[PDB]
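Participant: My structure is below; once you've seen it, I'll send some questions.
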Amino acid sequence: XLXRXXX
Amino acid sequence: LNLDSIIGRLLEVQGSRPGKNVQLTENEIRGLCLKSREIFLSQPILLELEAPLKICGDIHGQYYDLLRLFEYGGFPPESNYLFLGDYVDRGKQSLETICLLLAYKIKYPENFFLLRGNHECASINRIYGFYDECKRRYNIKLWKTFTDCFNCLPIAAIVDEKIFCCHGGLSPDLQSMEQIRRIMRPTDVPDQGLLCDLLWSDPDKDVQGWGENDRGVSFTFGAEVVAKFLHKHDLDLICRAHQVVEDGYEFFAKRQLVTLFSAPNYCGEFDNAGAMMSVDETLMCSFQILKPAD
Ligand SMILES: [Mn+2]
Ligand SMILES: [Mn+2]
């Protein structure tokens, strides 16, 4: 969920 | 290049307090980059390795966790190591992280190995942190030095002809291992192709064959693809990283593939563990895990 480039 | 001095200073903060910086000189960092770059170009792009050894997944600047990993697996040269990439970005200490790894590569070039991850690429660095860390603590020229070094990192490794290791995953363009060997360095990661896929692809339980990757680049592949690959190449396992997995490690396709993520407490959606895989002489696997902060 961090940003899908990727949590 | 005073390697031993650099290593001592890097290790010096062990136990001091999570977050304490180790500020090497730019000349020292430049030296780590130039000497390791030389070694990378000197060794195969497709590494042929021997077990036993320890394999680590993504670190992402979590220096203090890298230190916990070495403490658990044994600081070089107490054990052989193969890191699968993604040393920088996201974390607070990408500089100390990449510097210690480059230092150990130079120190033990035949017993320490580093593969290229999708984050060891200039464009991604600008967005995910490494560029800003370098600009703040050093200068932009040093960041370029790092990228030139990154552009020479090996892309894959095969442990005792049975375990195929890479950062991302398989490629629909991967017919022969010689294709990988043909990849010339220095090189940046392209938007498409074999090299791109090896650093970007992901396995997908829900995919039949090859599929589109939600990352906006590369592909996703199914268990059948894996099974077919191993069979065709007479391999036993595919060891990769790239994806955050809650237990630090996760098997795929009836244990024909394993994902390793070594940076604990990285994910926002969940408290993930960080795992390091020990591969013994008979290619059996066991794990040493950094469980989430209880
Ligand atoms: Mn990655
Ligand atoms: Mn990663």
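Residue numbers start at 1 in each chain; chains themselves are named A, B, ... in the order of the structure tokens; ligands are numbered from 1 in the order shown.
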Select the residues contacting ligand 2 at a distance of at most 12 Å, based on only C-alpha atoms and all ligand atoms, then format the selection as a count of residues only.
Facilitator: 50
Participant: May I have the residues within 6 Å of residue B:292 as a PDB file with N, CA, C and O atoms, in the first residue's frame, using only C-alpha atoms and disregarding those fewer than 5 positions away in the same chain?
Facilitator:
ATOM      1  N   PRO B 264      12.120  -6.085   7.681  1.00  0.00           N
ATOM      2  CA  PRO B 264      10.938  -6.182   8.541  1.00  0.00           C
ATOM      3  C   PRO B 264      10.272  -4.833   8.786  1.00  0.00           C
ATOM      4  O   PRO B 264      10.904  -3.782   8.652  1.00  0.00           O
ATOM      5  N   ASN B 265       8.996  -4.876   9.143  1.00  0.00           N
ATOM      6  CA  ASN B 265       8.223  -3.668   9.427  1.00  0.00           C
ATOM      7  C   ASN B 265       8.351  -2.629   8.314  1.00  0.00           C
ATOM      8  O   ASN B 265       8.541  -1.442   8.571  1.00  0.00           O
ATOM      9  N   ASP B 271       2.355  -5.846   9.317  1.00  0.00           N
ATOM     10  CA  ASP B 271       3.659  -5.906   9.969  1.00  0.00           C
ATOM     11  C   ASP B 271       4.347  -7.141   9.424  1.00  0.00           C
ATOM     12  O   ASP B 271       4.034  -8.258   9.831  1.00  0.00           O
ATOM     13  N   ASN B 272       5.255  -6.955   8.480  1.00  0.00           N
ATOM     14  CA  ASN B 272       5.943  -8.094   7.901  1.00  0.00           C
ATOM     15  C   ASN B 272       7.236  -8.422   8.619  1.00  0.00           C
ATOM     16  O   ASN B 272       7.851  -7.561   9.257  1.00  0.00           O
ATOM     17  N   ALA B 273       7.625  -9.684   8.526  1.00  0.00           N
ATOM     18  CA  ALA B 273       8.877 -10.149   9.094  1.00  0.00           C
ATOM     19  C   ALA B 273       9.901 -10.031   7.962  1.00  0.00           C
ATOM     20  O   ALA B 273       9.538  -9.784   6.803  1.00  0.00           O
TER      21      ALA B 273
END
Participant: Find the residues around residue B:37 up to 12 Å (only C-alpha atoms counted), leave out those fewer than 5 positions away in its own chain, and share them as a VMD selection string.
Facilitator: chain B and resid 30 to 32 42 to 43 102 to 103 105 to 106 109 114 145 to 154 185 to 186
Participant: Selection from above, N, CA and C atoms, as a short mmCIF file (atom, residue, chain, number, x, y, z; two decimals), in the first residue's frame, can you write it?
Facilitator:
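See part.cif below for the written result:
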data_model
loop_
_atom_site.label_atom_id
_atom_site.label_comp_id
_atom_site.auth_asym_id
_atom_site.auth_seq_id
_atom_site.Cartn_x
_atom_site.Cartn_y
_atom_site.Cartn_z
N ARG B 30 33.29 6.91 -3.29
CA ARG B 30 33.65 6.88 -4.69
C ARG B 30 34.53 5.64 -4.92
N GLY B 31 35.45 5.40 -3.99
CA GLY B 31 36.33 4.24 -4.07
C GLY B 31 35.57 2.92 -4.01
N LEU B 32 34.58 2.84 -3.12
CA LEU B 32 33.76 1.64 -3.01
C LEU B 32 33.05 1.39 -4.33
N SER B 42 34.08 -7.71 -13.97
CA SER B 42 35.03 -8.81 -14.04
C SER B 42 34.37 -10.19 -13.86
N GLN B 43 33.30 -10.25 -13.07
CA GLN B 43 32.60 -11.50 -12.83
C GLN B 43 31.43 -11.66 -13.79
N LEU B 102 28.86 -3.04 -0.61
CA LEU B 102 29.91 -2.86 -1.61
C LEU B 102 31.27 -3.15 -0.99
N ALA B 103 31.45 -2.74 0.26
CA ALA B 103 32.70 -2.96 0.98
C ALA B 103 32.97 -4.46 1.13
N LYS B 105 31.79 -6.82 -0.77
CA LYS B 105 31.98 -7.39 -2.09
C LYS B 105 33.46 -7.24 -2.47
N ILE B 106 34.01 -6.06 -2.20
CA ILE B 106 35.40 -5.78 -2.51
C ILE B 106 36.31 -6.61 -1.62
N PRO B 109 35.36 -10.86 -2.59
CA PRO B 109 34.83 -10.98 -3.96
C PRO B 109 34.42 -12.37 -4.45
N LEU B 114 26.19 -9.78 -4.86
CA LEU B 114 25.07 -8.84 -4.94
C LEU B 114 24.47 -8.82 -6.34
N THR B 145 27.70 8.46 -9.48
CA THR B 145 28.74 7.47 -9.28
C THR B 145 28.08 6.15 -8.88
N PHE B 146 27.11 6.22 -7.97
CA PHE B 146 26.39 5.03 -7.52
C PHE B 146 25.65 4.36 -8.67
N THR B 147 24.99 5.16 -9.51
CA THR B 147 24.24 4.61 -10.63
C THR B 147 25.15 3.93 -11.66
N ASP B 148 26.36 4.46 -11.86
CA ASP B 148 27.30 3.85 -12.79
C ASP B 148 27.70 2.48 -12.26
N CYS B 149 27.85 2.40 -10.94
CA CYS B 149 28.20 1.16 -10.27
C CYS B 149 27.01 0.19 -10.37
N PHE B 150 25.80 0.68 -10.11
CA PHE B 150 24.57 -0.12 -10.20
C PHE B 150 24.39 -0.70 -11.60
N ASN B 151 24.74 0.09 -12.62
CA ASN B 151 24.61 -0.33 -14.01
C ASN B 151 25.49 -1.52 -14.37
N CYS B 152 26.38 -1.91 -13.46
CA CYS B 152 27.28 -3.04 -13.69
C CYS B 152 26.97 -4.26 -12.81
N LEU B 153 25.93 -4.18 -11.99
CA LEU B 153 25.56 -5.30 -11.13
C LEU B 153 25.13 -6.53 -11.93
N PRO B 154 25.46 -7.74 -11.44
CA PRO B 154 25.08 -8.96 -12.15
C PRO B 154 23.55 -9.04 -12.09
N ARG B 185 27.10 -4.85 -20.09
CA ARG B 185 27.15 -3.85 -19.03
C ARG B 185 28.29 -2.89 -19.36
N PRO B 186 28.20 -1.62 -18.92
CA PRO B 186 27.13 -0.98 -18.15
C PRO B 186 25.82 -0.88 -18.91
#
Participant: At what distance in Å, to one decimal, does atom CA of residue B:115 lie from atom CA of residue B:255?
Facilitator: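 One can read the atom CA of residue B:255 to atom CA of residue B:115 distance as 22.4 Å.
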Participant: Grab the atom CA of residue B:288 to atom CA of residue B:236 distance for me, in Å with one decimal place.
Facilitator: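 Between these atoms lies a distance of 21.5 Å.
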Participant: Using DSSP secondary structure from the backbone, list all strand (DSSP E or B) positions within stretch 112-192 of chain B, as a PyMOL selection string.
Facilitator: chain B and resi 112-114+156-159+163-166
Participant: Can those selected residues be exported to a file as a CSV table (one decimal), in the first residue's frame so that it contains C-alpha atoms?
Facilitator:
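See out19.csv below for the written result:
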chain,number,residue,atom,x,y,z
B,112,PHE,CA,30.0,-12.3,-1.2
B,113,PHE,CA,27.5,-11.6,-4.0
B,114,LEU,CA,25.1,-8.8,-4.9
B,156,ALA,CA,21.1,-13.5,-12.0
B,157,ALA,CA,22.8,-16.5,-10.3
B,158,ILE,CA,22.5,-20.2,-10.3
B,159,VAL,CA,23.4,-22.1,-7.1
B,163,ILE,CA,18.6,-22.9,-7.9
B,164,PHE,CA,17.9,-20.0,-10.2
B,165,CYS,CA,18.0,-16.6,-8.4
B,166,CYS,CA,17.0,-13.2,-9.7
Participant: Between atom CA of residue B:221 and atom CA of residue B:161, what is the distance, to one decimal in Å?
Facilitator: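 Result for atom CA of residue B:221 versus atom CA of residue B:161: 22.3 Å, one decimal.
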Participant: Find, counting only C-alpha atoms and all ligand atoms, the residue in B:75, B:9, B:196, B:133 that gets nearest to ligand 1.
Facilitator: B:196
